[PDB]
């Protein structure tokens, strides 16, 4: 993949916002995973929480990297989730399911040369907030 993080500074949004955990914290160029350092997102405790970045145009995506929240022993909240690519009309062009990050600070998701404008993370879990320290997106080589 290319090295430029194309998610950086892009428009981001999420299902809801709590504890001041603004969606733009996942694309601020800071992977610091300590919620107290203000670079980690947070939605409401809700069903099927989600977070999205608009790349602003259609790009050929090869890698999405998720960085989990690291403080407070709540890393497990990022489990049973999909990483979704959508085209400009917001139709799904790819989707990968993950049970867990297994303790790891991050997860690398590789997509097979998908032309997509939106990258979405979707929890499939009830009454669970979605918190991401950072989402980075890289073009196919």
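Positions refer to the first chain, counted from 1.
Would you tell me which stretch averages the higher CA B-factor in the PDB entry, 95-103 or 112-120?
Averaged over C-alpha atoms, the B-factors run higher in 95-103.
Of 41-49 and 70-78, which one has the bigger average CA B-factor?
The stretch with the larger average C-alpha B-factor is 70-78.
For the chain shown, is the CA B-factor of residue 25 in the lowest, middle or highest third of its modelled residues?
Tercile = lowest for this residue's CA B-factor.
In terms of the CA temperature factor given in the entry, to which third of its chain does residue 11 belong: lowest, middle or highest?
It belongs to the middle third of the chain when residues are ordered by C-alpha B-factor.
Looking at the entry's B-factor column for C-alpha atoms only, identify whether residue 32 ranks in the lowest, middle or highest third of its chain.
It belongs to the middle third of the chain when residues are ordered by C-alpha B-factor.
Taking the chain's C-alpha temperature factors as the reference, tell me which third residue 88 falls into: lowest, middle or highest.
As the PDB entry reports it, the C-alpha B-factor of residue 88 lands in the highest third of its chain.
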